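S.K.: Just dropping this structure here.
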Amino acid sequence: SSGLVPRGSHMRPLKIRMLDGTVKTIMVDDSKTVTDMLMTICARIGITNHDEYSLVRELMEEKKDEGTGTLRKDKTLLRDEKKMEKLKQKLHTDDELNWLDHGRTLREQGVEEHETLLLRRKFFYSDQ
Numbered sequence: 075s076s077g078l079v080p081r082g083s084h085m086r087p088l089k090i091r092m093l094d095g096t097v098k099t100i101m102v103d104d105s106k107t108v109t110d111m112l113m114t115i116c117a118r119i120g121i122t123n124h125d126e127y128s129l130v131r132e133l134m135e136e137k138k139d140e141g142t143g144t145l146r147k148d149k150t151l152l153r154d155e156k157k158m159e160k161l162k163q164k165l166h167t168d169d170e171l172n173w174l175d176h177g178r179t180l181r182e183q184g185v186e187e188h189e190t191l192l193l194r195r196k197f198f199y200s201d202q
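Rendered as structure tokens:
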């Protein structure tokens, strides 16, 4: 290994978020399918399995609501015997999750590199 000159393939900085944690700035040596791209990324983070692990297009939160209700119409709730939502247990969101699969590229699916790529196992078995 002496004549290994970089910039051989197409390399780009990809916004990839670790599962349920945080997005990392990782470069990808992309050339083939989403497989080719993501397997590199997963190798950068020490993940080697995609049977349960698929990818989602993480749409960036550009519009965050300030509602918690309509507020203006009807000041509050006329009962208030129980506050069903004061705090949010389980950050369950399927809104930011726009799943994308393999058998194709990001080019085919019309998704650009500015889109954050979220990895998450839709098949998650840890209920014990």
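To convert a position in the sequence shown, counted from 1, into PDB author numbering, add 74. Positions of the beta carbon are idealized from the N, C-alpha and C atoms, including for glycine.
1. Between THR190 and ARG91, which are expected to be in contact by the criterion C-beta below 8 Å, what is the C-beta distance as a whole number of angstroms?
2. Is it true that the segment 120-138 meets the segment 182-198, where meeting means three or more beta-carbon pairs spaced less than 8 Å apart?
3. Between the C-alpha atoms of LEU151 and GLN202, what's the straight-line distance to the nearest angstrom?
4. Do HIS124 and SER105 have their CB atoms nearer than 8 Å?
5. Give the C-beta separation of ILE100 and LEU88 to the nearest angstrom, bearing in mind that I take them to be a contact with Cβ-Cβ under 8 Å.
6. Going along the chain, which residues of its own chain have a beta-carbon closer than 7 Å to the beta-carbon of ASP175, five neighbours each way excluded?
7. Going by beta-carbon coordinates alone, are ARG86 and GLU187 separated by less than 8 Å?
8. What is the residue span of the alpha helix (DSSP H) that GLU182 lies within?
9. What is the DSSP secondary structure of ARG195, reduced to helix, strand or coil?
M.R.: Quick look at the numbers:
1. Between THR190 and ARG91 the beta-carbon gap is near 6 Å, inside 8 Å, which marks them as a contact.
2. Touching, yes.
3. Approximately 38 Å between the Cα atoms of the pair.
4. Contact annotation: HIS124 and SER105 have beta-carbon atoms that are not nearer than 8 Å.
5. Yes, they are in contact, since the Cβ atoms of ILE100 and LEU88 sit about 6 Å apart, within 8 Å.
6. These residues qualify, in order along the chain: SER128.
7. Cβ distance < 8 Å, so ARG86 and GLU187 count as in contact.
8. Residues 180-183.
9. DSSP, reduced to helix, strand and coil, places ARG195 within a strand of the structure shown.
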